[PDB]
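Data block for run13.cif (mmCIF, N, CA, C and O atoms):
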data_model
loop_
_atom_site.label_atom_id
_atom_site.label_comp_id
_atom_site.auth_asym_id
_atom_site.auth_seq_id
_atom_site.Cartn_x
_atom_site.Cartn_y
_atom_site.Cartn_z
N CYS A 1 -58.07 -15.22 1.07
CA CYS A 1 -56.85 -14.35 1.13
C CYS A 1 -56.28 -14.35 2.52
O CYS A 1 -57.00 -14.55 3.50
N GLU A 2 -54.96 -14.11 2.63
CA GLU A 2 -54.34 -14.09 3.93
C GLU A 2 -53.05 -13.32 3.78
O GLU A 2 -52.68 -12.93 2.67
N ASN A 3 -52.35 -13.09 4.91
CA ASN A 3 -51.11 -12.36 4.85
C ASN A 3 -50.08 -13.30 4.25
O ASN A 3 -50.19 -14.52 4.37
N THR A 4 -49.05 -12.72 3.58
CA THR A 4 -48.03 -13.55 2.97
C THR A 4 -46.84 -13.60 3.89
O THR A 4 -45.85 -14.27 3.61
N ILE A 5 -46.93 -12.87 5.03
CA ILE A 5 -45.82 -12.87 5.96
C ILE A 5 -46.39 -13.09 7.33
O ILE A 5 -47.59 -12.94 7.55
N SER A 6 -45.52 -13.47 8.29
CA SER A 6 -45.98 -13.71 9.64
C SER A 6 -45.47 -12.57 10.49
O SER A 6 -44.77 -11.68 10.00
N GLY A 7 -45.80 -12.60 11.80
CA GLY A 7 -45.35 -11.54 12.68
C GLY A 7 -46.12 -10.31 12.32
O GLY A 7 -45.61 -9.20 12.39
N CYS A 8 -47.39 -10.50 11.93
CA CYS A 8 -48.21 -9.38 11.55
C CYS A 8 -48.74 -8.76 12.80
O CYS A 8 -48.97 -9.44 13.80
N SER A 9 -48.95 -7.43 12.76
CA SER A 9 -49.46 -6.73 13.91
C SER A 9 -50.47 -5.75 13.40
O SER A 9 -50.45 -5.37 12.23
N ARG A 10 -51.38 -5.30 14.29
CA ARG A 10 -52.39 -4.34 13.87
C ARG A 10 -51.70 -3.03 13.61
O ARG A 10 -52.23 -2.15 12.92
N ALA A 11 -50.48 -2.87 14.16
CA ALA A 11 -49.74 -1.63 13.96
C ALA A 11 -49.12 -1.68 12.59
O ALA A 11 -48.60 -0.69 12.09
N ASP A 12 -49.16 -2.87 11.94
CA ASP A 12 -48.58 -3.00 10.62
C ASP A 12 -49.60 -2.48 9.64
O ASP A 12 -49.29 -2.26 8.47
N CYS A 13 -50.85 -2.28 10.11
CA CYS A 13 -51.90 -1.78 9.23
C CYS A 13 -51.70 -0.30 9.11
O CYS A 13 -52.25 0.35 8.22
N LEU A 14 -50.89 0.28 10.02
CA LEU A 14 -50.65 1.70 9.98
C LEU A 14 -49.50 1.94 9.03
O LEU A 14 -49.15 3.08 8.75
N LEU A 15 -48.90 0.84 8.51
CA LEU A 15 -47.80 0.99 7.59
C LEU A 15 -48.32 0.61 6.23
O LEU A 15 -49.06 -0.35 6.08
N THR A 16 -47.93 1.39 5.20
CA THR A 16 -48.39 1.11 3.86
C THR A 16 -47.32 0.33 3.15
O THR A 16 -47.51 -0.11 2.02
N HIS A 17 -46.17 0.13 3.82
CA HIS A 17 -45.09 -0.61 3.19
C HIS A 17 -45.06 -1.98 3.81
O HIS A 17 -44.17 -2.77 3.52
N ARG A 18 -46.05 -2.28 4.68
CA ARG A 18 -46.08 -3.58 5.31
C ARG A 18 -47.49 -4.11 5.22
O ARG A 18 -47.74 -5.28 5.51
N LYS A 19 -48.45 -3.25 4.80
CA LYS A 19 -49.83 -3.69 4.70
C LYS A 19 -49.92 -4.63 3.53
O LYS A 19 -50.84 -5.44 3.44
N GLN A 20 -48.96 -4.53 2.59
CA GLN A 20 -48.98 -5.40 1.43
C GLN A 20 -48.70 -6.81 1.91
O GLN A 20 -49.32 -7.77 1.46
N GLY A 21 -47.73 -6.95 2.85
CA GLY A 21 -47.40 -8.27 3.35
C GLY A 21 -48.47 -8.67 4.32
O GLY A 21 -48.98 -9.79 4.27
N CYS A 22 -48.84 -7.74 5.23
CA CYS A 22 -49.87 -8.05 6.20
C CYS A 22 -51.10 -7.34 5.78
O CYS A 22 -51.39 -6.24 6.24
N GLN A 23 -51.88 -7.97 4.88
CA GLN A 23 -53.09 -7.35 4.41
C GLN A 23 -54.24 -7.93 5.20
O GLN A 23 -55.27 -7.29 5.38
N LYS A 24 -54.07 -9.17 5.69
CA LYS A 24 -55.12 -9.81 6.45
C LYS A 24 -55.22 -9.12 7.79
O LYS A 24 -56.31 -8.94 8.33
N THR A 25 -54.06 -8.73 8.36
CA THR A 25 -54.07 -8.08 9.66
C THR A 25 -54.47 -6.64 9.46
O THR A 25 -54.92 -5.98 10.39
N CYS A 26 -54.30 -6.13 8.23
CA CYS A 26 -54.65 -4.76 7.96
C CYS A 26 -56.15 -4.71 7.79
O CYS A 26 -56.80 -3.74 8.17
N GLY A 27 -56.74 -5.78 7.20
CA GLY A 27 -58.17 -5.81 7.00
C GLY A 27 -58.43 -5.45 5.56
O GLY A 27 -59.57 -5.20 5.18
N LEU A 28 -57.36 -5.43 4.74
CA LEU A 28 -57.53 -5.10 3.34
C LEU A 28 -58.36 -6.19 2.72
O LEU A 28 -59.22 -5.94 1.88
N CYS A 29 -58.11 -7.45 3.14
CA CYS A 29 -58.86 -8.56 2.59
C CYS A 29 -59.06 -9.57 3.73
O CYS A 29 -60.23 -9.90 4.02
#

Can you turn what I pasted into structure tokens?
Amino acid sequence: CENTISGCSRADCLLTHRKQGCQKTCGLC
């Protein structure tokens, strides 16, 4: 699994409307 978008940031893990795109940077998967 990986993020489906680029420009991911660890601050994007604080967003639940961007963690879907950046799940790898969120640590969801």

So which residues get picked by the PyMOL selection byres ((chain A and resi 26-28) around 6) here, written as a CSV table (one decimal) with N, CA, C and O atoms, in the coordinates of the input?
chain,number,residue,atom,x,y,z
A,9,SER,N,-49.0,-7.4,12.8
A,9,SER,CA,-49.5,-6.7,13.9
A,9,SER,C,-50.5,-5.8,13.4
A,9,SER,O,-50.4,-5.4,12.2
A,12,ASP,N,-49.2,-2.9,11.9
A,12,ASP,CA,-48.6,-3.0,10.6
A,12,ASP,C,-49.6,-2.5,9.6
A,12,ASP,O,-49.3,-2.3,8.5
A,13,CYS,N,-50.8,-2.3,10.1
A,13,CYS,CA,-51.9,-1.8,9.2
A,13,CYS,C,-51.7,-0.3,9.1
A,13,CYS,O,-52.2,0.4,8.2
A,19,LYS,N,-48.4,-3.2,4.8
A,19,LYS,CA,-49.8,-3.7,4.7
A,19,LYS,C,-49.9,-4.6,3.5
A,19,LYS,O,-50.8,-5.4,3.4
A,22,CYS,N,-48.8,-7.7,5.2
A,22,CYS,CA,-49.9,-8.0,6.2
A,22,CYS,C,-51.1,-7.3,5.8
A,22,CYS,O,-51.4,-6.2,6.2
A,23,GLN,N,-51.9,-8.0,4.9
A,23,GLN,CA,-53.1,-7.4,4.4
A,23,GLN,C,-54.2,-7.9,5.2
A,23,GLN,O,-55.3,-7.3,5.4
A,24,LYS,N,-54.1,-9.2,5.7
A,24,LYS,CA,-55.1,-9.8,6.4
A,24,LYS,C,-55.2,-9.1,7.8
A,24,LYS,O,-56.3,-8.9,8.3
A,25,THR,N,-54.1,-8.7,8.4
A,25,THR,CA,-54.1,-8.1,9.7
A,25,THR,C,-54.5,-6.6,9.5
A,25,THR,O,-54.9,-6.0,10.4
A,29,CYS,N,-58.1,-7.4,3.1
A,29,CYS,CA,-58.9,-8.6,2.6
A,29,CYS,C,-59.1,-9.6,3.7
A,29,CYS,O,-60.2,-9.9,4.0

Legend entry - Picked residues, the PyMOL selection byres ((chain A and resi 5) around 7), as an MDAnalysis selection string: chainID A and resid 2:4 6:8 20:23

Legend entry - Atomic separation - atom N of residue 1 of chain A relative to atom CA of residue 14 of chain A, Å: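 Result for atom CA of residue 14 of chain A versus atom N of residue 1 of chain A: 20.5 Å, one decimal.
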